[PDB]
Structures are given as structure tokens and as C-alpha cells.
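So the chains spell out like this:
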Amino acid sequence: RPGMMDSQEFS
Amino acid sequence: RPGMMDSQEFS
Amino acid sequence: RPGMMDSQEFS
Amino acid sequence: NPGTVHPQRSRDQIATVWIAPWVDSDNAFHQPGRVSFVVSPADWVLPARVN
Amino acid sequence: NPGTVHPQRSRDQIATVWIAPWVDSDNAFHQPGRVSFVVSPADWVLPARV
Amino acid sequence: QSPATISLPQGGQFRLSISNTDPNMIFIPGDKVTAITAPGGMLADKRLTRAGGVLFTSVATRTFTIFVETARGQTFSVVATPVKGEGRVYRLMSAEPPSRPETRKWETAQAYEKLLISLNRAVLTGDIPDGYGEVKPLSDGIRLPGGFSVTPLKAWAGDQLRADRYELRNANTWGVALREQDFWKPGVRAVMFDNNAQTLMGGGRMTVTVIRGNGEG
Amino acid sequence: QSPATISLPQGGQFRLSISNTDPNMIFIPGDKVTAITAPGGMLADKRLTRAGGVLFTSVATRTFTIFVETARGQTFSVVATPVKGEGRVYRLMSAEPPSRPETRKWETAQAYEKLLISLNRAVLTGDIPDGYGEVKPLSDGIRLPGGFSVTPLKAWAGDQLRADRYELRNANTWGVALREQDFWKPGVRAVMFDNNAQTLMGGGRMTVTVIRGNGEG
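The sections below set out a description of the structure shown in this document.

What counts, and at which threshold
Residues numbered from 1 in each chain as written, not as in the entry; some residues may be left out. Chains lettered and ligands numbered in written order. Part of a larger assembly, values for the part shown. Heavy atoms only, no water. Helix = DSSP H or I, 4+ residues; strand = E, 2+ residues; numbered from the N terminus. Expected span 1.5 Å × (residues − 1). Buried < 20%, exposed > 50% of the residue type's maximum accessible area, 1.4 Å probe, protein only. Pairing = 2+ DSSP bridges. Polar contact = N/O pair within 3.5 Å; in protein donor to acceptor, adjacent residues only side chain to side chain. Contact = heavy atoms within 4.5 Å. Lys, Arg positive; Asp, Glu negative; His and termini not counted. Salt bridge = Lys/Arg side-chain N within 4 Å of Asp/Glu carboxyl O. Axes fitted to C-alpha atoms, helices over the stretch in contact; angles between N-to-C directions.

### Section: helix α2 (residues 112-125) of chain F
Residue and element names in this part refer to chain F.
Here comes step 1: The end-to-end C-alpha distance of α2, which contains 14 residues, comes to 20 Å, matching closely the 20 Å that a straight helix rising 1.5 Å per residue would cover.
Here comes step 2: In terms of residue burial, α2 counts as a mostly covered element, since ten of its 14 residues are buried.
Here comes step 3: A positive backbone phi angle near 80 degrees is found at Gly 126, which sits one or two residues after α2.

Below, the structure is given as C-alpha cells:
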């Protein structure tokens, strides 16, 4: 879990 | 419930 | 409910 | 006798707008000019007094 | 050598016309102004060496 | 009361009072609000008015930021602190005119001199074209000769053109001849005097309508 | 207030404080945010606003790095320190403009004006538009300020308009400023002077093309 990153791509 | 508002739209 | 914002998209 | 009135027609009101220099789609320079239009036209002014 | 001098471009020729006042279809009165427009364009030329 | 006018650029941050008890309203003179966003659990109700406004109720008591997004592309932020009292109505002027793509089509379909006459007639006759919307008037859009002072009144703006009306006061009380060319500035596309004029009396409250370009500068 | 404007090269990194309590906005004018990335758990909610822009809220208490990607391929980085206060809005700008769109002249002249202009240009070069077969010129067309004698050279006659060329003689010895409207005669549509006028001197023969209606008396 540590080190992961959230990213969202907008349509 | 507090803060809500009643509104009627006439046809 | 943490950080959530009220985002109402009106049609 | 029935009365008489004089028909009176009001003057037209005009408006003039100055135009600044401009270039159109065909690249011809247009030096400053003006164009006039009528805002309120002439009409009969019905009588204030018939007699 | 006479040729191969640095090139230069000429100046376009421009002509002005005067339009007499006229009345539009919508009864708008135009009192316009002289229009200056390019007539002849420019072209390449080799300047005479000094 | 008359609705209060905020006038904010498209990043604006205005601190305004809001009422906890009764509904409050925000309207755009020329745009339709499409969304209001506040912190979760802050704005109790939110409904969109038909004209294009939004009515909202806040129950909480802390100062908060709310974001409004209009349809034609716009975003304004207000920080609202809830106080006890009547509902408040605020009118939001754009300050930076919005892009109106559907208006360019009407704007360019006709000739230039015809369009100028049309905008000038509409402002004078009081009817506004459909594609145009109300914007904050420019502080300085015309040159001021002979020690004059100018108070803006109203402004409208489309896509490539922008109309404004300026009230001119002669302060020198000595008689000043009036020429539209003397008010010209880089970007002023046309000038018209509502009264034919040609002269300005010593005390003059007259008006002038200037068309300019949107985005000049 | 106005949104804080920040100019950054691609991959640029700017340290800007945001807010833990209220929503924050980042918009790039002319660009649409397509993606956002932050250390995990740092950003509570992310939504796309009208006309691009991102609305984001943070419950975090530690400085973190957000990477934002626009649709034109630009990526910027922001270091955000969360602090108590109003939601902050930032305007993102690009240090180097990628391209320069060429200017667009949208103004269109009137049909009558273009018609006269096209003909005057054709006559000046001498090529004949179709329907122009040549004709004897008149003597009616030119009024003379004085010292000028007129001789007709060439003339064209068409279906709607008519053009002719007259060469004026050299004036006496006083410099005669040439006014294009000082050669006017009822019935003439447009009068233009060859070369540049600006005072024909103690002499000079200059050809003038006069344009008049056709068919109409």
C-alpha cells in the first residue's frame, strides 16, 4: 500500500 | 430537515 | 464523510 | 359647425455613428467615416385641442 | 559577379478611391471614406551595388 | 432593495453574507447557472431557478467557500458566512466577458457597417440582441478631452464586439464642441452621440455609446 | 479578488498553499485538465468543472505533490501545503506560447462598395471584366477647380456601371492641392486619382478615372 498513487482521467 | 425549502411550479 | 463536497450538476 | 385642426407631422429623429478606420476581409483600408439611421420616424401628432 | 547580390523586395502599389454618399436599402445613409488598397504587389529585386 | 452587484473576474473570491434561516439567491445577468458546489453537509438545499438562477439554503454557521459554474463556461467563488436575517440576492457581473460561440455565427453572417448600426440601434432603442449578455463596463475605454469626467452606466458584450454607454459631464462650463473622433482609442470601433449634439453646454449630463472589440489589449 | 496567476514551463513545479477545509480550484485557461495525480490519500475528491479546471478537496496535513495533465500535452507539478482558510483558486499559465494563431479579419464590406472597388482596380490594371465593351467617354463628368483642361482617353461601358478616364492638364503656376471630392458631378458613383495627388504642382498631367452609373440618365 505505501507508495501507490491515486490518479483520475476525466472523460 | 432544517434548511430545506418548499417550492411549487404551476403548470 | 471526510473531504466530500456537494457537487450538484443541474440539467 | 364641426371643428377644424391642422394635421401636424413630427420630424424624424436621426442618429449618426462615427466609424473608426478598419480593414475588411479583402484587405482594403477604410478611413474613418459615418453612417446615419432613423431611430424614430415621422408621424401625425393627434391634437391637444380640437377647438 | 553581377548576380547573387542580397535580395530585396519592392513596395506594393496602393491606390485610393473616393466613394460618393449613398443610401442603403434599409434607408441608412452612408457617407463613407476613401479606401486605400493594394493594387500591385511586391516582387524580388537585386539592388544595384554601390 | 435592489440586488447587490458582485462583479468578479473568472476567478473571483468575494466574501458575502448569507442567511441561515431563509433562502438566498444568486443570478447571472446573461448566463444560466449549471451547478453550485459547497463542502459536504454545508448547503442544505439547492434548486435551479428557471430564469437561470439558483436558490439555496444553508443551515450551518461556519464561514465557507461555494463555487458556481455557469453553462457558457464560467466559474466564480464566493466565501459565504451565515448570519441571522432575510434572504439575500446577489447579481453576478462577469467583469471578463464569456466566449459566446453561437453569437459569432450571427455576428459574421452580416456586413460590418450593418452590424454596427444594429448594435447601436439596439442599445439606443433598449432592446438587446439575443446573443449578447450583460457585462461590467470598462473603467477607461474612451479618451477624455478637455478635463471631462465619465461615469459608466451599462455594457454588453458578444463574441468579437463589445458595447458600452458612458455618461459625460462637462466640468469647465465654457462650451465645448463635440467630435466622435476625439474620443477614439486603440480598440474603439465606433462612437455615436445619442443626442445629435455637435456642442456641449457648460453643465452637460449627456451620453455616448461606444462599440469596441472583445479582447482588445 | 482575482485568481492567482502562475506561469510555468512544462514540468514546472510551483509551491502553492491550498486549503483543508474548503474546495480548491486550478484552471488552465484555454486548456482542459485531463488528469490529476497526487500521493495516495492526500486528495479527498476530484471533479471536472465547466470549461476545464479541477475542483479538489484535501483532508491532508502534509505538503504533497500534485501532477496535473492538460489535453494539449502539457504537464505541470504543484507542491501543495494544506492550511486553514478559504478555498484558493489558481490560474495556470504557460511560460512559452506554443503557437501563434494568425489574425483573422472577419469584417466584410458592403456589396456596392466592393463592386466599385473591384472595377476601379480592374481599370487601373486595364484588364476588362466580362460585359465591358468600351465606349466613347463624355465631357459631362468632370468639374474643374481651375487651370485644368480635360481630355478623354479611354472608357468602358457594362451592364450596370460605367468607367472612363480623363487626363487633366497641368494647372498654371500656383500649387493646386487636389481634393478628390472637388471634381464631383451629380450622377457619379466614385472618383479616384491615379498616383498620389498631394498637390499637382506648377504643372503635371494626371489621369483620373471617374465612375458613373450605366443606363440611368
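Moving on from the model shown.
### Considerations on the pairing of strand β8 (residues 74-83) of chain F
Residues and elements named next belong to chain F.
Here comes step 1: Along β8, eight of the ten residues are buried, which leaves the element largely enclosed by surrounding structure.
Here comes step 2: Bridging between strand β2 (residues 13-19) and β8 involves seven bridges; their strand directions are parallel. Among the inter-strand pairings, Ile 18 is bridged to a residue of β8, identified as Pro 82.
Here comes step 3: Note: strand β7 (residues 64-70) against β8, seven bridges, orientation antiparallel. Counterpart to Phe 64 in the pairing with β8 is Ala 80.
Here comes step 4: Hairpin connection, β7 to β8: the antiparallel pair is bridged by three residues, and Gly 73 has positive phi, about 85 degrees.

### A look at the side chain of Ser 19 of chain G
All names here are of chain G.
Here comes step 1: If you trace the backbone, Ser 19 turns up in strand β2 (residues 13-19).
Here comes step 2: A distance of 3.2 Å separates a polar side-chain atom of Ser 19 from the backbone nitrogen of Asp 22.
Here comes step 3: Discounting chain neighbours no more than four positions away, the residues touching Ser 19 are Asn 24, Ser 58, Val 83, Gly 85, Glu 86, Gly 87 and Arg 88.

### Things to note about the side chain of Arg 88 of chain G
All names here are of chain G.
Here comes step 1: By secondary structure assignment, the location of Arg 88 is in the loop between β8 (75-83) and β9 (89-94).
Here comes step 2: For the buried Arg 88, no salt bridge exists, and the shortest N-O distance to an oppositely charged side chain is 4.5 Å, to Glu 86.
Here comes step 3: Looking at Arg 88, its side chain comes within polar contact range of the main-chain oxygen of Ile 18, at 3.4 Å.
Here comes step 4: Within the structure, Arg 88 has its side chain in polar contact with the backbone oxygen of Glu 86 (distance 3.1 Å).

### A look at the sheet that holds strand β14 (residues 188-193) of chain F
Here comes step 1: Judged by pairing direction, the sheet is antiparallel, and its nine strands sit side by side in the order β3(E)-β4(E)-β4(D)-β1(D)-β14(F)-β16(F)-β12(F)-β11(F)-β10(F) without closing on themselves. Taken across any chain shown, the strands that pair with only one partner, and hence form the sheet edges, are β3 (22-23) of chain E together with β10 (133-135) of chain F.
Here comes step 2: One ladder, built from seven bridges, connects strand β11 (residues 149-157) of chain F with strand β12 (residues 161-169) of chain F; its direction is antiparallel. When the sheet's bridge partners are listed, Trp 156 of chain F is paired in β12 of chain F with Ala 163 of chain F.
Here comes step 3: Relative to the sheet, α2 of chain F contacts β1 (13-19) and β4 (33-40) of chain D, β4 (29-31) of chain E together with β11, β12, β14 and β16 (207-213) of chain F, its axis offset from that of β4 of chain D by approximately 40 degrees.

Function cannot be read off these values alone, since they describe shape.
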